[PDB]
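Okay, here's what each chain looks like letter by letter:
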Amino acid sequence: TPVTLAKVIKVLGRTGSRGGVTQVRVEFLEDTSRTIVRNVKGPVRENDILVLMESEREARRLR
Amino acid sequence: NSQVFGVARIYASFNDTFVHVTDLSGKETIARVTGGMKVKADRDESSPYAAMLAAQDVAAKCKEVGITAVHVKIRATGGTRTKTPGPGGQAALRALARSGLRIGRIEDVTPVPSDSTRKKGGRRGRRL
Amino acid sequence: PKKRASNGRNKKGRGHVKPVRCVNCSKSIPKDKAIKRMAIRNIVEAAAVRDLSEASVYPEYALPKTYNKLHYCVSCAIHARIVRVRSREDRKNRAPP
Amino acid sequence: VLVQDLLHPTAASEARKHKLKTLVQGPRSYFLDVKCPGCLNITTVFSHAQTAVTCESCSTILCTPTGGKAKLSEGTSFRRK
Amino acid sequence: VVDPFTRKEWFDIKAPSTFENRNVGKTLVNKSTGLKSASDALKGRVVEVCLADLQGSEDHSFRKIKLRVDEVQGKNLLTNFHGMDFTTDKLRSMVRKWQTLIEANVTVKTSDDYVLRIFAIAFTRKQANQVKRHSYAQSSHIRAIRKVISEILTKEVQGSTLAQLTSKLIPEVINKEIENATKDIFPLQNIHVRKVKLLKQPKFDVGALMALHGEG
RNA sequence: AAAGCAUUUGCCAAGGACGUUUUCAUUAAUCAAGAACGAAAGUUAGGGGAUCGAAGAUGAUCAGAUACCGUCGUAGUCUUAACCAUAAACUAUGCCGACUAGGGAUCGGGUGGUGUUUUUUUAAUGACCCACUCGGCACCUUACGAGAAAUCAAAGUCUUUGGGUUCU
Ligand SMILES: [Zn+2]
């Protein structure tokens, strides 16, 4: 289980056709200088920690 | 500089991605794995995720035979076709860097004509 | 009635220009028409410039760019939203944004 | 404008007009008296000459034809008469 | 069921003495077997290496050299000049709009019997007080420019070999020699010799290759 | 002249514009009849081997699909040899001549500058800048004017109705 954490730096904005997916930018919390942009399912506020099963996709906005 | 060089020839078309490593000469291929052998879905063959999984498996094989550093040449289909590299080209190139290989002398080698033979569609195009 | 005084795009003094092919569909469209863009892009994306810096021999050498001129059909450019419809007054504006 | 002296235009305007578009048309060319270094004879040369004019004596070059005024060659003193 | 990777050697590629970094890299060859040698599977290879790697300076990051393997001795393989080419980064970056692209080529052989085709490229430029925005060249200037470039490219190769030609394609002698002969015709920025090609080769003549190698 | 014509190099004739204190002196404008030249596209007999689709072969999609989409393929913008000459052959605007409005660009030629740059020290040209001019492809703003309007520097100078001429 190579679980890596991260925490939201800036909430970009909603995406998806129904708008149920929030696009956020996260700082990796082990190395600060790495910032990847991914998208989440539930409700996210500013500065809360996430869990990344694999931190490689850097996904774009859905339609 | 005790680095040993190979050449990764990345072919990113819109139907599939080829990650292909030879030595300095183009003979004696080290490892070739495509985007389509990491997913049997037939439509994710050109996906960025299936493209980068190929580059995970290349660098494992280059580590076994002992290639440490890589020149990369990336291309689209080219010819009379699109000239735009597919979506998998970026993901596979980035995945070689994360895997531990070294990279130098990037070049886009897409085949470009000097205005040669006719194209798809016949004057009214692939019309939809 | 007539819709634009250029009838399309700029022939005005020739009689004939040789055609090109669209990149999405490959409809044969004359070169004076056929909306043209120039796509200048770095080979590595903005997320991987940070990534390939540490994995590089020849420190901070350069990044090569992809230079690509794109010819579009009228129908494909409207669909791909590089060009959209505009008002009767705004149609006369020949300036890039 | 709407009141002009069309019988007496100013000399600047007539000078900047075309040769045929003046009040009375006339030539803007002239004739030149040139001294070749070799001899001292009088030679009359058209300013817009088309032939490669040479002197009667020793016949070297006096001007080379061009699409405009003739290019007078290397140093030969010229008058305008 | 064969695992063909653990049956190959490694051979060290060696560059001619016209360059300074003569160690290019390594390559793989199968073993020599009954009526199947490793040398004849090696004598045809062409290696493409950036000219900035051979000289070490980054002023040559936009040129490349084909090196043709000619002879193999003692687990290192000796190359020779096979052609110069110009990278796709810079050639596609010099061609901007609102100027004139001038191209010339000549097919001419050296004093030794290497028949070559040399390609040259040149562009017009706005000259330092220009207000008008395109700076094109009249088509009688372009014909007169090509005549000078073809005249220089011929004479320069008649008095040299690829021992000497490759020694003059590095310090950009030709580009300045084109420039000061064609600066009174049109301002003519960005002069380069972008490609040379080998058309014909004579008999092998091992001694010329060995005289070119043999140091370090 | 139109259809049309784009990397070289040499031949062969042609051409507009410009310059001209050259020459002839009305030799001109438009034109029934009559002619030359014509995108492509199959009258018709070597060669070279398909990217396109008729059709055809086929695989999908669909209620059907004889279509669009996919793969392949014969006739079918390459010979050397004709079209009778048809196109949204378009600027859907005959040709010649004169006048009426303001501007900034650009292509070719020419004139001028106690201009810039190139180097020999500036010179000579070349490239550029400024001003003017002739001739072009065009454009911008207005509307005295026109129009049914859209719009038009000609589609204006038209009930204040006549410059010449051909076609419909
Ligand atoms: Zn004299």
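Residues numbered from 1 in each chain as written, not as in the entry; some residues may be left out. Chains lettered and ligands numbered in written order. Part of a larger assembly, values for the part shown. Heavy atoms only, no water.

1. Observations concerning the overall build of chain E
Short version of the rule: Segments assigned H or I by DSSP are reported as helices when at least four residues long, segments assigned E as strands when at least two residues long, and all are numbered from the N terminus. Per-residue accessibility, obtained with a 1.4 Å probe over protein chains only, is compared with the maximum for each type, and a residue is labelled buried under 20%, exposed over 50%, and partly exposed between these values.
For chain E, the helix and strand inventory stands at 6 helices and 8 strands. Along its sequence from the N terminus, chain E presents helices and strands in the succession β-β-β-α-β-β-α-β-β-α-α-α-β-α. Overall, the C-alpha framework of chain E stretches about 70 × 40 × 30 Å when taken along its three principal axes. Expressed as a percentage of its 216 residues, the buried residues of chain E come to 44%.

2. So, the interface of chain B and chain C
Cut-off, in case you're wondering: What makes two residues a contact is simply this: any of their non-hydrogen atoms within 4.5 Å. As used here, buried area is the combined drop in accessible area, with a 1.4 Å probe, of two parts when they are placed together. Each reported salt bridge corresponds to a side-chain nitrogen of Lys or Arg within 4 Å of a carboxyl oxygen of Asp or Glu. Within 3.5 Å is the distance limit for a polar contact, defined as a pair of N or O atoms, with the added protein rule that one can donate a hydrogen and the other accept it, and that residues adjacent in sequence qualify only through two side-chain atoms. Residue classes follow a fixed rule: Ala, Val, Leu, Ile, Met, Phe, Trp, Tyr, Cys and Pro count as nonpolar, while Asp, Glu, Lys and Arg count as charged, and any other residue, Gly among them, counts as polar.
Each side of the interface is counted separately: chain B has 27 residues, and chain C has 24 residues. Surface buried jointly by chain B and chain C totals about 2,200 Å² across both partners, of which 53% is contributed by carbon and sulfur atoms. The interface formed by chain B and chain C holds 2 salt bridges in total. Between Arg94(B) and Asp51(C) there is a salt bridge, with its nearest N and O atoms 2.9 Å apart. At the surface where chain B touches chain C, the tally comes to 10 residue pairs in polar contact. Elements represented by at least two residues in the side of chain B that touches chain C include exactly β4 (69-75), α2 (88-99) and β5 (102-108) of chain B. At 6 residues, β5(B) tops the list of elements feeding residues into the side of chain B that touches chain C. The class makeup of the residues in the side of chain B that touches chain C is 7 nonpolar, 8 polar and 12 charged.

3. Looking at the pattern of salt bridges
Residue and element names in this part refer to chain E. For the structure shown, the criterion picks out 22 salt bridges over all chains. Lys195 is the partner of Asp85 in a salt bridge, and the nearest nitrogen-oxygen pair spans 3.8 Å. Of this pair, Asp85 sits in strand β5 (residues 76-86) while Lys195 is found in strand β8 (residues 192-200), placing the two residues 110 residues apart along the sequence. Classification of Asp85 as buried rests on a relative accessible area of 17%. Here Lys195 falls in the partly exposed class, since its relative accessible area comes to 21%.

4. Overview of the protein's contact with RNA strand F
Selection criterion: One heavy atom suffices: a residue is near a molecule or strand as soon as one of its heavy atoms comes within 4 Å of it.
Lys120(B), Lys19(D), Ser29(D), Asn129(E) and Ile185(E) are the nearest of the 44 residues found near RNA strand F. When atoms of RNA strand F within 4 Å of the protein are sorted by moiety, sugar and phosphate together comprise 84%. One of the side-chain N or O atoms of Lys2(C) is found 2.8 Å from a phosphate oxygen in RNA strand F. Backbone polar atom of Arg16(D) to a sugar or linking oxygen of RNA strand F: 2.9 Å apart, as the coordinates give it.

5. Some details on the sheet that holds strand β1 (residues 4-15) of chain A
Residue and element names in this part refer to chain A. Formally: In this description, strands pair whenever DSSP reports at least two bridges between them. Angular values range over 0 to 180 degrees, each being the angle between N-to-C directions of two axes fitted as lines to C-alpha atoms, with helices fitted over their stretch in contact.
Strand order in the open sheet formed by 4 strands is β3-β2-β1-β4, and the pairing between neighbours is antiparallel. Of all the strands in the sheet, just β3 (35-40) and β4 (49-52) have a single pairing partner and so form its edges. Averaged over all neighbouring strand pairs, the angle between strand axes comes to 45°, with direction disregarded. As defined by bridge partners, β1 adjoins β4 across 4 bridges and the pair is classed as antiparallel. In the strand pairing of β4, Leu5 is matched with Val51.

6. Quick look at the nonpolar core
Burial of nonpolar side chains together is a common tendency in soluble globular proteins. Selection criterion: Nonpolar core, defined: a set of buried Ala, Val, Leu, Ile, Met, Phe, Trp, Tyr and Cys residues in which side-chain atoms within 4.5 Å join the residues together.
Ranked by size, the top nonpolar core spans 51 residues in total, and within it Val24(E), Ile65(E), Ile118(E) and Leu153(E) carry the most contacts. Considering each element in turn, this core owes the most residues, 6 residues, to helix α3 (residues 139-158) of chain E. Ignoring anything within four residues of it in the chain, the contact list for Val24(E) reads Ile13(E), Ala15(E), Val47(E), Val49(E), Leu54(E) and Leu67(E). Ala59(B), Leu96(B), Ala55(C) and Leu28(E) belong to the second-largest nonpolar core, a separate cluster that totals 34 residues.

7. Description of the coordination of the zinc ion
Residues and elements named next belong to chain D. The condition is simple: Any N, O or S atom lying within 2.8 Å of the metal counts as a donor, and for Na, K and Ca the limit rises to 3.2 Å; water is left out, so some sites can look incomplete.
Distances from the zinc ion to its protein donors, namely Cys36 (SG) and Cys55 (SG), fall within the range 2.3 Å. Pair noted here: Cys36 is in the loop between β1 (31-35) and β2 (43-46) and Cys55 is in the loop between β2 and β3 (63-64), with a separation of 19 residues, a long-range link. By relative accessible area, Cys36 is classed as buried at 8%. When its relative accessible area of 6% is taken as the criterion, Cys55 is described as buried.

8. Focus on the interface of chain E and chain B
Each side of the interface is counted separately: chain E has 20 residues, and chain B has 16 residues. Regarding the contact of chain E and chain B, the summed buried area is about 1,500 Å², with carbon and sulfur atoms giving 54% of it. Taken together, the connections running from chain E to chain B amount to 5 salt bridges. Across the salt bridge formed by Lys64(E) and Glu107(B), the nearest N and O atoms sit 2.7 Å from each other. The tally of links between chain E and chain B comes to 9 residue pairs in polar contact.

9. Some remarks on α3(E)
Residues and elements named next belong to chain E. Keep this limit in mind: Expected helix span is computed as 1.5 Å times (number of residues minus one). Here, the arc refers to the directions that run from the helix axis to the C-beta atoms.
For α3, which comprises 20 residues, the first-to-last C-alpha distance of 29 Å matches the rise-based estimate of 28 Å (1.5 Å per residue) to within 8%. Among the residues of α3, those classed as buried are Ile142, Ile145, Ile149, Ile152, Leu153, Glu156 and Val157. Here the buried residues of α3 occupy an arc of 115° about the axis, which is enough to place them on one side. Turned more than 90 degrees from where α3 packs its buried face, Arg143, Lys147 and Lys155 sit exposed. In this structure, the buried side of α3 is in contact with β6 (101-109), β7 (115-123), α4 (162-168), α5 (173-179) and β8.

10. Side note on the sheet that holds strand β1 (residues 5-12) of chain B
For sheets, the rule is that strands pair by backbone hydrogen bonds, running either parallel or antiparallel. All names here are of chain B. Pairing within the open sheet is mixed, and its 5 strands lie in the order β3-β2-β1-β4-β5. Strand pairing shows two members of the sheet lacking a second neighbour, β3 (31-34) and β5, which therefore form its edges. Going across the sheet, the axis of each strand differs from the next one's by a mean of 15°, ignoring polarity. Across the sheet, helix α1 (residues 48-65) lies against β2 (17-22) and β3, angled at about 15° from β2, the strand it touches most.

11. Regarding the packing of aromatic side chains
In plain terms, the rule: What counts as a ring pair is set by centres within 6.5 Å for rings of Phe, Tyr and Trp (its six-membered ring), and what kind of pair is set by the plane angle: stacked under 30 degrees, edge-to-face over 60, tilted for all other angles. Either the NZ atom of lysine or the CZ atom of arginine qualifies as a charge over a ring when it sits within 6 Å of the ring centre and within 35 degrees of the ring normal.
In the structure shown here, the tally under the stated rule is 4 aromatic pairs over all chains. Ring centres of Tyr11(B) and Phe18(B) lie 5.8 Å apart, and the angle between their planes is 65°; this geometry places the pair in the edge-to-face category. Its relative accessible area of 33% is what places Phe18(B) among the partly exposed residues. Taken together, a centroid distance of 6.2 Å and an interplanar angle of 70° make the contact between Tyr58(C) and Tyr61(C) edge-to-face. Lying over the aromatic face of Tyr58(C), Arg105(B) brings its terminal NZ or CZ to 4.0 Å of the ring centre. One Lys or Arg, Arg105(B), reaches over the ring of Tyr61(C) and ends 5.8 Å from the middle of that ring.

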